[PDB]
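Engineer: Encoded as structure tokens, here's the structure I'll be asking about.
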Amino acid sequence: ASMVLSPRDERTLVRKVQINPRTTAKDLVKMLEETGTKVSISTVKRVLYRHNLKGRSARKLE
């Protein structure tokens with residue numbers, strides 16, 4: 001996870017979910033199969049809860 005294990009998919013996911021609060025699990029599964037990387041739903045579902053608890057950001061006021 002933290003290291004950026006899958007350098008296209010994890011890197012894209014952490015940028016998009018924090019920048020666009022619109023982005024949901026249905027978007028994420030569609031991108032993962034489009035890339036062709038097998039990723040479990042449960043890790044996607046848990047990282048969404050983690051980013052709901054903390055969004056780490058270097059944009060706008062902060």
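Ordering of the structure tokens sets the chain letters (A, B, ...), residue numbers begin anew at 1 in every chain, and ligands are numbered from 1 in the order given.
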Within 12 Å of residue 15 in chain A, counting only C-alpha atoms, which residues show up once you throw out same-chain ones fewer than 5 positions away? Write them as a list in words, please.
Structural biologist: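 After dropping sequence-adjacent residues, the list is residues 4, 7, 8, 9, 10, 20, 21, 23, 51, 55, 56, 57, 58 and 59 of chain A.
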Engineer: Mind writing the picked residues with N, CA and C atoms as a PDB file, in the first residue's frame?
Structural biologist:
```
ATOM      1  N   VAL A   4       3.596   2.721  -2.508  1.00  0.00           N
ATOM      2  CA  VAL A   4       3.051   2.817  -3.856  1.00  0.00           C
ATOM      3  C   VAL A   4       3.468   1.571  -4.613  1.00  0.00           C
ATOM      4  N   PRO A   7       2.577   1.189  -9.364  1.00  0.00           N
ATOM      5  CA  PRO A   7       2.893   2.595  -9.604  1.00  0.00           C
ATOM      6  C   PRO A   7       1.956   3.328 -10.534  1.00  0.00           C
ATOM      7  N   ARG A   8       1.172   2.664 -11.414  1.00  0.00           N
ATOM      8  CA  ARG A   8       0.103   3.372 -12.099  1.00  0.00           C
ATOM      9  C   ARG A   8      -1.154   3.481 -11.254  1.00  0.00           C
ATOM     10  N   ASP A   9      -1.607   2.344 -10.671  1.00  0.00           N
ATOM     11  CA  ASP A   9      -2.949   2.240 -10.135  1.00  0.00           C
ATOM     12  C   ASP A   9      -3.092   2.884  -8.772  1.00  0.00           C
ATOM     13  N   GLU A  10      -2.137   2.637  -7.840  1.00  0.00           N
ATOM     14  CA  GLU A  10      -2.183   3.211  -6.505  1.00  0.00           C
ATOM     15  C   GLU A  10      -1.989   4.714  -6.567  1.00  0.00           C
ATOM     16  N   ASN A  20     -10.724  14.730  -6.157  1.00  0.00           N
ATOM     17  CA  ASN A  20     -12.123  14.701  -6.543  1.00  0.00           C
ATOM     18  C   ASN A  20     -12.931  13.896  -5.522  1.00  0.00           C
ATOM     19  N   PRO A  21     -13.673  14.487  -4.570  1.00  0.00           N
ATOM     20  CA  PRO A  21     -14.417  13.749  -3.541  1.00  0.00           C
ATOM     21  C   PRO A  21     -15.639  13.047  -4.108  1.00  0.00           C
ATOM     22  N   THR A  23     -15.366  10.844  -6.631  1.00  0.00           N
ATOM     23  CA  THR A  23     -14.906   9.520  -7.047  1.00  0.00           C
ATOM     24  C   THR A  23     -15.298   8.418  -6.073  1.00  0.00           C
ATOM     25  N   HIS A  51      -9.062   7.331   3.637  1.00  0.00           N
ATOM     26  CA  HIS A  51      -9.070   8.674   3.093  1.00  0.00           C
ATOM     27  C   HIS A  51     -10.270   9.510   3.506  1.00  0.00           C
ATOM     28  N   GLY A  55      -7.566  12.984   4.726  1.00  0.00           N
ATOM     29  CA  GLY A  55      -7.163  13.380   3.390  1.00  0.00           C
ATOM     30  C   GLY A  55      -5.926  14.211   3.523  1.00  0.00           C
ATOM     31  N   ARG A  56      -4.834  13.806   2.850  1.00  0.00           N
ATOM     32  CA  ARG A  56      -3.546  14.449   2.983  1.00  0.00           C
ATOM     33  C   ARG A  56      -3.374  15.278   1.725  1.00  0.00           C
ATOM     34  N   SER A  57      -3.156  16.605   1.864  1.00  0.00           N
ATOM     35  CA  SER A  57      -3.350  17.490   0.729  1.00  0.00           C
ATOM     36  C   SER A  57      -2.396  18.662   0.783  1.00  0.00           C
ATOM     37  N   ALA A  58      -1.907  19.082  -0.405  1.00  0.00           N
ATOM     38  CA  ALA A  58      -1.022  20.212  -0.595  1.00  0.00           C
ATOM     39  C   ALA A  58      -1.648  21.154  -1.609  1.00  0.00           C
ATOM     40  N   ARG A  59      -2.974  21.365  -1.505  1.00  0.00           N
ATOM     41  CA  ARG A  59      -3.727  22.119  -2.478  1.00  0.00           C
ATOM     42  C   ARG A  59      -4.589  23.140  -1.756  1.00  0.00           C
TER      43      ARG A  59
END
```
Engineer: Would you mind listing what lies within 12 Å of residue 37 in chain A as a ChimeraX atom specification, with only C-alpha atoms counted and same-chain residues fewer than 2 positions away left out?
Structural biologist: /A:5-10,28-35,39-40
Engineer: Which of these, A:61, A:1, A:53, A:44, has the shortest distance to residue 25 in chain A once you count only C-alpha atoms?
Structural biologist: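 Looking only at the distances to residue 25 in chain A, the closest residue turns out to be A:44.
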Engineer: My list of candidates is A:11, A:24, A:17, A:42. Which is closest to residue 54 in chain A when distances are computed with only C-alpha atoms?
Structural biologist: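 Smallest separation from residue 54 in chain A among the options: A:17.
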Engineer: Would you list, as a PyMOL selection string, the residues of range 1-61 of chain A that end up in helix (DSSP H, G or I) under DSSP run on this structure's backbone?
Structural biologist: chain A and resi 9-19+25-35+41-53
Engineer: May I ask which of the residues A:62, A:2, A:41, A:47 is the closest one to residue 26 in chain A, counting only C-alpha atoms?
Structural biologist: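 That would be A:41, the residue with the smallest distance to residue 26 in chain A.
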Engineer: Rank nothing, just name the residue among A:48, A:19, A:14, A:3 nearest to residue 60 in chain A, using only C-alpha atoms.
Structural biologist: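 Residue with the minimum atom-to-atom distance to residue 60 in chain A: A:19.
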